[PDB]
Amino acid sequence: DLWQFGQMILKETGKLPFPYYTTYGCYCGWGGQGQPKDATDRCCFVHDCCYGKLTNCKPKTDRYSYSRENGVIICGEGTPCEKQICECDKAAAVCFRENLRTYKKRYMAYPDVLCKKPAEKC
């Protein structure tokens, strides 16, 4: 579920989703309504695409099972949905993390106004 996606974000980035990620850029912080502004922003787009593929699932509310005991997220057993959903979440948190290098604090609460229209397809 989003709660676990959230813990993963934090575990992986050291930043709690709000406000670092939930209000970021044009896609994370604007409901997927703008073209991602950078890597960090694109991770949310990839994240939505990933959930997009799980048509048969409730990615946002199905609680899966994972372990990050040794600092690496390992999705455990569960239904196929859970596992797939968890991979998504893992991937997105890994992605945020993998992009702390270009994370820009100034993209938080970015005016939607400078946000350009979604240009990529899942």
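Each residue number is its position in the shown sequence, starting from 1.
- Taking the mean C-alpha B-factor of each stretch as recorded, 102-110 and 7-15 are not equal, and the higher mean is that of 102-110.
- The deposited model assigns a higher average Cα B-factor to 32-40 than to the other stretch when 81-89 and 32-40 are compared.
- In the PDB entry, residue 59 places in the lowest third of its chain by CA B-factor.
- When the CA B factors of the chain's modelled residues are split into thirds, the value for residue 71 lands in the highest one.
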